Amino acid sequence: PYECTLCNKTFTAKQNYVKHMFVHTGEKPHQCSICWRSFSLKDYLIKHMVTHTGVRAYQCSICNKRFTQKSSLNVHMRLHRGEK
């Protein structure tokens, strides 16, 4: 079972374990070509670029409202939830 001994935390697979340990280094090699903000992992930088592009790719199919991140949309769906 993959486990970070600093946090005492388990991971299901190796990939997130390696990413977690690299975040533990403190290094931020992935930088934005626009605002020069640096990031631990490329995943985070990819999500960052949407703030510059303005694309709200994630749309509620109930009320047509649009969102920057899928997580925001998922949160929003709790508002339509509560009606059977």
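When you see a residue number, it is the position in the sequence shown, counting from 1.
A summary of the deposited B-factors shows that, of 65-73 and 12-20, the stretch with the larger mean C-alpha value is 65-73.
Higher mean CA B-factor, judged across 75-83 and 1-9 from the recorded values: 75-83. In the deposited entry, the Cα temperature factor of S33 sits in the top third of values across the chain's modelled residues. Per the deposited record, the Cα B-factor of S40 falls in the lowest third when ranked against the other modelled residues of its chain.
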